[PDB]
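Structure data follow from my_file_23.pdb (PDB, C-alpha atoms and all ligand atoms):
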```
ATOM      1  CA  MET A   1      18.076  10.172  22.807
ATOM      2  CA  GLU A   2      15.608   7.530  21.619
ATOM      3  CA  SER A   3      17.554   4.272  21.273
ATOM      4  CA  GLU A   4      15.175   1.530  22.465
ATOM      5  CA  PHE A   5      12.326   0.058  20.397
ATOM      6  CA  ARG A   6      10.714  -3.020  22.003
ATOM      7  CA  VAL A   7       7.147  -3.244  20.709
ATOM      8  CA  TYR A   8       7.263  -6.188  18.288
ATOM      9  CA  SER A   9       9.242  -9.270  17.328
ATOM     10  CA  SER A  10       8.010  -9.957  13.759
ATOM     11  CA  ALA A  11       6.144  -8.575  10.735
ATOM     12  CA  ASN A  12       4.980 -11.169   8.194
ATOM     13  CA  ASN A  13       2.168 -10.072   5.826
ATOM     14  CA  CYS A  14       1.623  -6.343   5.347
ATOM     15  CA  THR A  15      -1.501  -4.936   3.695
ATOM     16  CA  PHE A  16      -1.103  -1.186   4.284
ATOM     17  CA  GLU A  17       1.704   1.214   5.276
ATOM     18  CA  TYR A  18       1.286   4.975   5.769
ATOM     19  CA  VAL A  19       3.954   7.475   6.872
ATOM     20  CA  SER A  20       2.665  10.945   7.736
ATOM     21  CA  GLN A  21       3.435  14.260   9.431
ATOM     22  CA  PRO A  22       3.814  14.178  13.255
ATOM     23  CA  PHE A  23       0.584  14.669  15.193
ATOM     24  CA  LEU A  24       2.241  15.994  18.359
ATOM     25  CA  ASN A  25       2.943  20.726  35.462
ATOM     26  CA  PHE A  26       1.226  19.248  32.422
ATOM     27  CA  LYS A  27       1.398  21.710  29.529
ATOM     28  CA  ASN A  28      -0.119  19.904  26.538
ATOM     29  CA  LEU A  29      -3.551  18.332  26.229
ATOM     30  CA  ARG A  30      -3.972  15.857  23.390
ATOM     31  CA  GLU A  31      -7.420  14.627  22.444
ATOM     32  CA  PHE A  32      -7.859  11.733  20.029
ATOM     33  CA  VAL A  33     -10.892   9.853  18.733
ATOM     34  CA  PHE A  34     -10.418   6.485  17.033
ATOM     35  CA  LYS A  35     -13.325   4.940  15.112
ATOM     36  CA  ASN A  36     -13.762   1.738  13.055
ATOM     37  CA  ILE A  37     -16.749   2.321  10.749
ATOM     38  CA  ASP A  38     -17.224   0.264   7.536
ATOM     39  CA  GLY A  39     -13.526  -0.569   7.368
TER
ATOM     40  CA  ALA B   1      14.141 -12.547 -11.197
ATOM     41  CA  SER B   2      14.069 -16.155 -12.366
ATOM     42  CA  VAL B   3      10.703 -17.810 -12.975
ATOM     43  CA  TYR B   4      11.168 -20.241 -10.059
ATOM     44  CA  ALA B   5      11.856 -17.287  -7.730
ATOM     45  CA  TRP B   6       9.552 -14.699  -9.325
ATOM     46  CA  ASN B   7       9.509 -11.301  -7.636
ATOM     47  CA  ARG B   8       6.218 -10.193  -6.096
ATOM     48  CA  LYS B   9       5.693  -6.501  -5.366
ATOM     49  CA  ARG B  10       2.564  -5.464  -3.489
ATOM     50  CA  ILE B  11       1.238  -2.130  -4.763
ATOM     51  CA  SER B  12      -1.076  -0.236  -2.411
ATOM     52  CA  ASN B  13      -2.293   3.295  -1.520
ATOM     53  CA  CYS B  14      -1.402   5.139  -4.708
ATOM     54  CA  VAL B  15      -2.810   6.175  -8.080
ATOM     55  CA  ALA B  16      -2.382   3.607 -10.861
ATOM     56  CA  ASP B  17      -2.297   5.107 -14.366
ATOM     57  CA  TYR B  18      -2.808   2.166 -16.715
ATOM     58  CA  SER B  19      -3.004   4.206 -19.931
ATOM     59  CA  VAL B  20       0.767   4.807 -19.803
ATOM     60  CA  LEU B  21       1.281   1.041 -20.021
ATOM     61  CA  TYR B  22      -1.453   0.367 -22.594
ATOM     62  CA  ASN B  23      -0.369   3.122 -24.992
ATOM     63  CA  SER B  24       3.304   2.114 -24.878
ATOM     64  CA  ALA B  25       4.727   0.573 -28.048
ATOM     65  CA  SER B  26       7.414  -1.359 -26.139
ATOM     66  CA  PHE B  27       5.200  -4.290 -25.079
ATOM     67  CA  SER B  28       4.548  -7.340 -27.246
ATOM     68  CA  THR B  29       1.889  -9.003 -25.067
ATOM     69  CA  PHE B  30      -0.713  -7.036 -23.093
ATOM     70  CA  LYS B  31      -3.273  -9.805 -22.658
ATOM     71  CA  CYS B  32      -5.793  -8.982 -19.923
ATOM     72  CA  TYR B  33      -7.917 -11.764 -18.401
ATOM     73  CA  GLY B  34     -11.110 -10.967 -16.517
ATOM     74  CA  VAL B  35     -11.034  -7.221 -17.258
ATOM     75  CA  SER B  36     -10.715  -4.952 -20.305
ATOM     76  CA  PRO B  37      -7.970  -2.300 -20.614
ATOM     77  CA  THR B  38     -10.432   0.520 -21.368
ATOM     78  CA  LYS B  39     -12.138   0.368 -17.944
ATOM     79  CA  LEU B  40      -8.915  -0.178 -15.967
ATOM     80  CA  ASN B  41      -8.418   3.604 -15.817
ATOM     81  CA  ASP B  42     -11.901   3.933 -14.227
ATOM     82  CA  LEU B  43     -12.167   0.995 -11.791
ATOM     83  CA  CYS B  44     -10.538   0.901  -8.357
ATOM     84  CA  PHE B  45      -8.887  -2.059  -6.628
ATOM     85  CA  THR B  46      -7.778  -2.890  -3.094
ATOM     86  CA  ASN B  47      -4.285  -4.161  -3.954
ATOM     87  CA  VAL B  48      -2.167  -4.870  -7.022
ATOM     88  CA  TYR B  49       0.189  -7.847  -7.145
ATOM     89  CA  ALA B  50       3.061  -7.351  -9.607
TER
HETATM   90  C1  LIG C 101       1.008 -14.897   5.856
HETATM   91  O1  LIG C 101       2.323 -15.260   6.357
HETATM   92  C2  LIG C 101       2.553 -16.676   6.458
HETATM   93  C3  LIG C 101       3.937 -16.849   7.034
HETATM   94  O2  LIG C 101       4.549 -15.593   7.294
HETATM   95  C4  LIG C 101       2.389 -17.330   5.088
HETATM   96  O3  LIG C 101       2.556 -18.737   5.218
HETATM   97  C5  LIG C 101       1.014 -17.020   4.513
HETATM   98  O4  LIG C 101       0.902 -17.562   3.203
HETATM   99  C6  LIG C 101       0.793 -15.511   4.464
HETATM  100  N1  LIG C 101      -0.537 -15.207   3.959
HETATM  101  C7  LIG C 101      -0.787 -14.204   3.112
HETATM  102  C8  LIG C 101      -2.216 -14.040   2.690
HETATM  103  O5  LIG C 101       0.100 -13.460   2.707
END
```
Take the structure in the file and write it out as structure tokens.
Amino acid sequence: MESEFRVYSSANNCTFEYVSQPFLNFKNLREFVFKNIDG
Amino acid sequence: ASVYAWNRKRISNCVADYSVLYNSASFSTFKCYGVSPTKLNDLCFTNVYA
């Protein structure tokens, strides 16, 4: 059971929020590419 | 809200249909400064402060 969130202490000025569908021996291989091009 | 404590709603990441507001008969003042109502339905903006 997930009952511990300790990643931040505050959130002051939000510009953008987006809630989406979930993306997700070792059995799974997850490849991701993150790019910042022209904003 | 009261004018001293005016509510501010930030509007982002959606489709803004301004013709529903402009063609309503329920508004007495619809004075736009810096832009015309006819091209509001064409232009695109980063954020809307209400
Ligand atoms: C960002 O937040 C601080 C305090 O939370 C505030 O003083 C400042 O005006 C805010 N700036 C914008 C652009 O919202």
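Of note, atom CA of residue B:19 and atom CA of residue B:2 are spaced 27.6 Å apart.
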Around all the atoms of ligand LIG 101 (chain C) listed in the file, draw an axis-aligned box and extend it by 5 Å on each of the six sides; I want its centre and edge lengths in Å to one decimal, as AutoDock Vina command-line options.
```
--center_x 1.2 --center_y -16.1 --center_z 5.0 --size_x 16.8 --size_y 15.3 --size_z 14.6
```
**Q.** 10 Å contacts from chain A to chain B using all atoms listed in the file, as a ChimeraX atom specification
**A.** /A:14-18
Against ligand LIG 101 (chain C), which residues of chain A fall within 8 Å? For each one I want the closest pair of atoms and the distance in Å (one decimal), counting all atoms listed in the file, rows by chain and increasing residue number, as a tab-separated table.
```
residue	atom	partner	partner_atom	distance
A:11	CA	C:LIG101	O2	8.0
A:12	CA	C:LIG101	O2	4.5
A:13	CA	C:LIG101	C1	5.0
A:14	CA	C:LIG101	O5	7.7
```
Q: Report as a VMD selection string the full result of the PyMOL selection byres (((chain B and resi 17) around 12) and not hetatm) when it is applied to this structure.
A: chain B and resid 14 to 16 18 to 23 37 to 44
Q | Gap from atom CA of residue A:22 to atom CA of residue A:3 - Å, one decimal | A |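 It comes out at 18.7 Å.
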Q: Would you mind reading off the distance between atom CA of residue B:34 and atom CA of residue B:48, one decimal, in Å?
A: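 Interatomic distance here is 14.4 Å.
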Could stretch 6-26 of chain A be completed with N, CA, C and O atoms and returned as a compact mmCIF listing (two decimals), in the coordinates of the input?
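Here's the written file out.txt:
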```
# COMPACT_ATOMS: atom_id res chain seq x y z
N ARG A 6 11.10 -1.64 21.71
CA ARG A 6 10.71 -3.02 22.00
C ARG A 6 9.19 -3.09 22.02
O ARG A 6 8.57 -3.11 23.08
N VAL A 7 8.60 -3.13 20.83
CA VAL A 7 7.15 -3.24 20.71
C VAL A 7 6.74 -4.48 19.91
O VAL A 7 5.62 -4.98 20.09
N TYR A 8 7.61 -4.99 19.04
CA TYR A 8 7.26 -6.19 18.29
C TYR A 8 8.47 -7.08 18.10
O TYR A 8 9.62 -6.68 18.31
N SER A 9 8.20 -8.32 17.68
CA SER A 9 9.24 -9.27 17.33
C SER A 9 9.22 -9.70 15.86
O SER A 9 10.23 -10.21 15.38
N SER A 10 8.11 -9.50 15.14
CA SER A 10 8.01 -9.96 13.76
C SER A 10 7.00 -9.12 12.98
O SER A 10 6.16 -8.42 13.56
N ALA A 11 7.10 -9.20 11.65
CA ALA A 11 6.14 -8.57 10.74
C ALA A 11 6.10 -9.44 9.48
O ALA A 11 7.05 -9.43 8.70
N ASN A 12 5.00 -10.17 9.26
CA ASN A 12 4.98 -11.17 8.19
C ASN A 12 4.25 -10.72 6.93
O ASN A 12 4.85 -10.69 5.85
N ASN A 13 2.96 -10.37 7.02
CA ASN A 13 2.17 -10.07 5.83
C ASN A 13 1.55 -8.69 5.97
O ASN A 13 0.57 -8.51 6.70
N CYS A 14 2.12 -7.71 5.28
CA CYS A 14 1.62 -6.34 5.35
C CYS A 14 0.62 -6.03 4.24
O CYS A 14 0.83 -6.37 3.08
N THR A 15 -0.48 -5.38 4.63
CA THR A 15 -1.50 -4.94 3.70
C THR A 15 -1.50 -3.43 3.46
O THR A 15 -2.00 -3.00 2.41
N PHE A 16 -0.95 -2.63 4.37
CA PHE A 16 -1.10 -1.19 4.28
C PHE A 16 -0.02 -0.55 5.15
O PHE A 16 0.16 -0.94 6.31
N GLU A 17 0.70 0.42 4.59
CA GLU A 17 1.70 1.21 5.28
C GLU A 17 1.46 2.68 4.95
O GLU A 17 1.15 3.02 3.81
N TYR A 18 1.59 3.56 5.95
CA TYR A 18 1.29 4.97 5.77
C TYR A 18 2.15 5.80 6.71
O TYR A 18 2.00 5.74 7.93
N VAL A 19 3.06 6.58 6.13
CA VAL A 19 3.95 7.48 6.87
C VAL A 19 3.47 8.91 6.70
O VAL A 19 3.23 9.36 5.57
N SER A 20 3.29 9.63 7.81
CA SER A 20 2.66 10.94 7.74
C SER A 20 3.44 11.97 8.56
O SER A 20 4.50 11.68 9.12
N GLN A 21 2.89 13.19 8.61
CA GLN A 21 3.44 14.26 9.43
C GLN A 21 3.11 14.04 10.91
O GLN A 21 2.04 13.52 11.24
N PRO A 22 4.01 14.44 11.82
CA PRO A 22 3.81 14.18 13.26
C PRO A 22 2.59 14.89 13.84
O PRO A 22 2.38 16.08 13.62
N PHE A 23 1.78 14.12 14.57
CA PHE A 23 0.58 14.67 15.19
C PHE A 23 0.93 15.60 16.35
O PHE A 23 0.34 16.68 16.49
N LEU A 24 1.89 15.21 17.18
CA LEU A 24 2.24 15.99 18.36
C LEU A 24 3.12 17.18 18.00
O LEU A 24 3.95 17.62 18.80
N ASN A 25 4.24 20.29 35.97
CA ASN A 25 2.94 20.73 35.46
C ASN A 25 2.74 20.24 34.03
O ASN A 25 3.63 20.38 33.18
N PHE A 26 1.57 19.67 33.77
CA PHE A 26 1.23 19.25 32.42
C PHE A 26 0.90 20.46 31.56
O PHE A 26 0.10 21.32 31.95
```
